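What follows is target12.pdb (PDB, C-alpha atoms).
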```pdb
MODEL        1
ATOM      1  CA  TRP M   1      18.272   8.439  -7.903  1.00  0.00           C
ATOM      2  CA  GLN M   2      18.258   8.735  -4.086  1.00  0.00           C
ATOM      3  CA  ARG M   3      14.622   9.841  -4.603  1.00  0.00           C
ATOM      4  CA  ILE M   4      12.803   7.512  -2.173  1.00  0.00           C
ATOM      5  CA  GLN M   5       9.573   9.515  -2.751  1.00  0.00           C
ATOM      6  CA  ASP M   6       8.774   9.227  -6.478  1.00  0.00           C
ATOM      7  CA  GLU M   7       9.012   5.430  -6.127  1.00  0.00           C
ATOM      8  CA  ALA M   8       6.149   5.312  -3.618  1.00  0.00           C
ATOM      9  CA  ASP M   9       4.171   7.570  -5.938  1.00  0.00           C
ATOM     10  CA  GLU M  10       4.517   4.906  -8.695  1.00  0.00           C
ATOM     11  CA  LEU M  11       2.640   2.503  -6.408  1.00  0.00           C
ATOM     12  CA  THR M  12      -0.303   4.857  -5.977  1.00  0.00           C
ATOM     13  CA  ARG M  13      -0.731   5.050  -9.745  1.00  0.00           C
ATOM     14  CA  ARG M  14      -0.287   1.324  -9.826  1.00  0.00           C
ATOM     15  CA  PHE M  15      -2.936   0.750  -7.128  1.00  0.00           C
ATOM     16  CA  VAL M  16      -5.156   3.470  -8.514  1.00  0.00           C
ATOM     17  CA  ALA M  17      -4.778   1.967 -11.939  1.00  0.00           C
ATOM     18  CA  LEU M  18      -6.351  -1.139 -10.371  1.00  0.00           C
ATOM     19  CA  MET M  19      -9.256   0.942  -9.204  1.00  0.00           C
ATOM     20  CA  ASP M  20      -9.705   2.177 -12.726  1.00  0.00           C
ATOM     21  CA  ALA M  21     -10.308  -1.420 -13.808  1.00  0.00           C
ATOM     22  CA  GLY M  22     -12.216  -1.890 -10.549  1.00  0.00           C
ATOM     23  CA  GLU M  23     -10.338  -5.175 -10.111  1.00  0.00           C
ATOM     24  CA  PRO M  24     -10.823  -7.221  -6.923  1.00  0.00           C
ATOM     25  CA  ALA M  25      -8.305  -5.925  -4.367  1.00  0.00           C
ATOM     26  CA  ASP M  26      -7.678  -9.641  -3.947  1.00  0.00           C
ATOM     27  CA  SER M  27      -6.452  -9.695  -7.552  1.00  0.00           C
ATOM     28  CA  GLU M  28      -3.174 -11.641  -7.854  1.00  0.00           C
ATOM     29  CA  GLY M  29      -1.988  -8.671  -9.876  1.00  0.00           C
ATOM     30  CA  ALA M  30      -3.266  -6.324  -7.204  1.00  0.00           C
ATOM     31  CA  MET M  31      -2.228  -8.585  -4.363  1.00  0.00           C
ATOM     32  CA  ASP M  32       1.041  -9.183  -6.150  1.00  0.00           C
ATOM     33  CA  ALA M  33       1.195  -5.424  -6.038  1.00  0.00           C
ATOM     34  CA  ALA M  34       0.624  -5.759  -2.318  1.00  0.00           C
ATOM     35  CA  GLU M  35       3.634  -8.080  -2.309  1.00  0.00           C
ATOM     36  CA  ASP M  36       5.562  -5.414  -4.214  1.00  0.00           C
ATOM     37  CA  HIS M  37       4.104  -2.759  -1.897  1.00  0.00           C
ATOM     38  CA  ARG M  38       5.336  -4.613   1.199  1.00  0.00           C
ATOM     39  CA  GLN M  39       8.670  -5.413  -0.483  1.00  0.00           C
ATOM     40  CA  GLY M  40       9.340  -1.728  -1.269  1.00  0.00           C
ATOM     41  CA  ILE M  41       8.178  -0.542   2.167  1.00  0.00           C
ATOM     42  CA  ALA M  42      10.080  -3.215   4.115  1.00  0.00           C
ATOM     43  CA  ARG M  43      13.098  -2.664   1.835  1.00  0.00           C
ATOM     44  CA  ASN M  44      13.312   0.998   2.905  1.00  0.00           C
ATOM     45  CA  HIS M  45      13.640  -0.184   6.526  1.00  0.00           C
ATOM     46  CA  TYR M  46      12.986  -3.271   8.690  1.00  0.00           C
ATOM     47  CA  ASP M  47      12.164  -6.482   6.768  1.00  0.00           C
ATOM     48  CA  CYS M  48       9.427  -9.165   6.705  1.00  0.00           C
ATOM     49  CA  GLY M  49       6.461  -7.775   8.678  1.00  0.00           C
ATOM     50  CA  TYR M  50       2.978  -8.519   7.320  1.00  0.00           C
ATOM     51  CA  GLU M  51       1.835  -7.181  10.683  1.00  0.00           C
ATOM     52  CA  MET M  52       3.628  -3.855  10.217  1.00  0.00           C
ATOM     53  CA  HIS M  53       1.895  -3.760   6.831  1.00  0.00           C
ATOM     54  CA  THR M  54      -1.473  -4.091   8.587  1.00  0.00           C
ATOM     55  CA  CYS M  55      -0.420  -1.236  10.879  1.00  0.00           C
ATOM     56  CA  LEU M  56      -0.080   1.141   7.901  1.00  0.00           C
ATOM     57  CA  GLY M  57      -3.581   0.083   6.814  1.00  0.00           C
ATOM     58  CA  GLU M  58      -4.772   1.990   9.885  1.00  0.00           C
ATOM     59  CA  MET M  59      -3.309   5.317   8.721  1.00  0.00           C
ATOM     60  CA  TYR M  60      -4.717   4.623   5.237  1.00  0.00           C
ATOM     61  CA  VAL M  61      -8.072   5.272   6.978  1.00  0.00           C
ATOM     62  CA  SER M  62      -7.492   6.072  10.665  1.00  0.00           C
ATOM     63  CA  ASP M  63      -6.288   9.429  12.049  1.00  0.00           C
ATOM     64  CA  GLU M  64      -7.934  11.945   9.687  1.00  0.00           C
ATOM     65  CA  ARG M  65      -4.464  13.530   9.591  1.00  0.00           C
ATOM     66  CA  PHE M  66      -2.961  10.789   7.409  1.00  0.00           C
ATOM     67  CA  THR M  67      -6.168   9.600   5.685  1.00  0.00           C
ATOM     68  CA  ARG M  68      -6.857  13.138   4.425  1.00  0.00           C
ATOM     69  CA  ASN M  69      -3.379  13.422   2.836  1.00  0.00           C
ATOM     70  CA  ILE M  70      -3.258   9.967   1.220  1.00  0.00           C
ATOM     71  CA  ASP M  71      -6.757   9.903  -0.278  1.00  0.00           C
ATOM     72  CA  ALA M  72      -6.293  13.505  -1.415  1.00  0.00           C
ATOM     73  CA  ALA M  73      -4.796  12.153  -4.688  1.00  0.00           C
ATOM     74  CA  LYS M  74      -7.888   9.980  -5.324  1.00  0.00           C
ATOM     75  CA  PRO M  75     -11.170   9.517  -3.359  1.00  0.00           C
ATOM     76  CA  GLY M  76     -11.778   6.182  -1.622  1.00  0.00           C
ATOM     77  CA  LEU M  77      -8.312   4.892  -2.571  1.00  0.00           C
ATOM     78  CA  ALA M  78      -7.642   4.759   1.186  1.00  0.00           C
ATOM     79  CA  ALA M  79     -10.629   2.518   1.933  1.00  0.00           C
ATOM     80  CA  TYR M  80      -9.802   0.312  -1.052  1.00  0.00           C
ATOM     81  CA  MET M  81      -6.146  -0.006  -0.064  1.00  0.00           C
ATOM     82  CA  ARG M  82      -7.149  -1.247   3.420  1.00  0.00           C
ATOM     83  CA  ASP M  83      -9.009  -4.044   1.621  1.00  0.00           C
ATOM     84  CA  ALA M  84      -5.844  -4.720  -0.411  1.00  0.00           C
ATOM     85  CA  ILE M  85      -3.543  -5.081   2.594  1.00  0.00           C
ATOM     86  CA  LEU M  86      -5.579  -7.622   4.537  1.00  0.00           C
ATOM     87  CA  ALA M  87      -6.355  -9.845   1.555  1.00  0.00           C
ATOM     88  CA  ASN M  88      -2.681 -10.208   0.748  1.00  0.00           C
ATOM     89  CA  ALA M  89      -1.884 -10.527   4.443  1.00  0.00           C
ATOM     90  CA  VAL M  90      -4.733 -12.967   5.017  1.00  0.00           C
ATOM     91  CA  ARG M  91      -3.610 -15.381   2.290  1.00  0.00           C
ATOM     92  CA  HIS M  92      -0.320 -15.323   4.215  1.00  0.00           C
ATOM     93  CA  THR M  93      -1.691 -14.992   7.738  1.00  0.00           C
ATOM     94  CA  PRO M  94      -5.387 -14.498   8.776  1.00  0.00           C
TER
ENDMDL
END
```
Now, as a test, write the supplied structure out as structure tokens.
Amino acid sequence: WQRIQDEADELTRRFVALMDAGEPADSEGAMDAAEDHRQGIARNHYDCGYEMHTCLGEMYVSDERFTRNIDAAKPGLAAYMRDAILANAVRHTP
């Protein structure tokens, strides 16, 4: 497919779908999604990096430039995602 963009968009729906259920971002399914999230991100470049994952959490809310674009497809998804990243990361490394 060579389309390394639509794949990321599947995650948003996947994460957002969690919001729809209002599951706990610490949901194994959600967190497992975090594992998938990290796996797909790291797979594109670099490798294991829970820390680099935490770094993206910043843009998911920091720098109104990125926050504004991400959350544009759903309100508050950015804030919720930040919660998602750390919980998965924390069970691995607090």
Practice task
Output the residue selection produced by the PyMOL selection byres ((chain M and resi 52-54) around 7) on the file above, formatted as a ChimeraX atom specification.
Solution key: /M:38,49-51,55-57,85-86
Please produce a file of the residues just selected, as a PDB file, keeping the file's coordinate frame, where the atoms kept are C-alpha atoms.
```
ATOM      1  CA  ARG M  38       5.336  -4.613   1.199  1.00  0.00           C
ATOM      2  CA  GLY M  49       6.461  -7.775   8.678  1.00  0.00           C
ATOM      3  CA  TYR M  50       2.978  -8.519   7.320  1.00  0.00           C
ATOM      4  CA  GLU M  51       1.835  -7.181  10.683  1.00  0.00           C
ATOM      5  CA  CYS M  55      -0.420  -1.236  10.879  1.00  0.00           C
ATOM      6  CA  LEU M  56      -0.080   1.141   7.901  1.00  0.00           C
ATOM      7  CA  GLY M  57      -3.581   0.083   6.814  1.00  0.00           C
ATOM      8  CA  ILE M  85      -3.543  -5.081   2.594  1.00  0.00           C
ATOM      9  CA  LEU M  86      -5.579  -7.622   4.537  1.00  0.00           C
TER      10      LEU M  86
END
```
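You can rank M:79, M:8, M:14, M:25 by their closest distance to residue M:61 using only C-alpha atoms, and at the top of that list sits M:79.
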Practice task
Would you work out the distance separating atom CA of residue M:9 from atom CA of residue M:45, expressed in Å to one decimal?
Solution key: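 About the pair atom CA of residue M:9 and atom CA of residue M:45: they are 17.5 Å apart.
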Exercise for the section: Rank M:48, M:90, M:84, M:41 by their smallest atom-to-atom distance to residue M:5, using all atoms listed in the file, and report the top residue only. Expected result: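 That would be M:41, the residue with the smallest distance to residue M:5.
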Exercise for the section: Measuring atom to atom with all atoms listed in the file, identify which of M:88, M:29, M:12, M:6 is nearest to residue M:71. Expected result: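 Nearest to residue M:71: M:12.
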Exercise for the section: Write out as a ChimeraX atom specification the residues lying within 12 Å of residue M:78, counting all atoms listed in the file and excluding same-chain residues fewer than 2 positions away. Expected result: /M:12,15-16,19,56-64,66-76,80-85
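Taking atom CA of residue M:44 as the reference point, atom CA of residue M:23 is found at 27.7 Å.
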Edge lengths and centre in Å to one decimal, as lines of an AutoDock Vina configuration file, is what I'm after for the box along x, y and z that holds all listed atoms of stretch 22-41 of chain M once 3 Å is added on each side.
```
center_x = -1.4
center_y = -6.1
center_z = -4.2
size_x = 27.6
size_y = 17.1
size_z = 18.7
```
Handout entry: Length of the atom CA of residue M:37 to atom CA of residue M:10 vector [Å]
Key =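 Atom-to-atom, atom CA of residue M:37 and atom CA of residue M:10 are spaced 10.3 Å apart.
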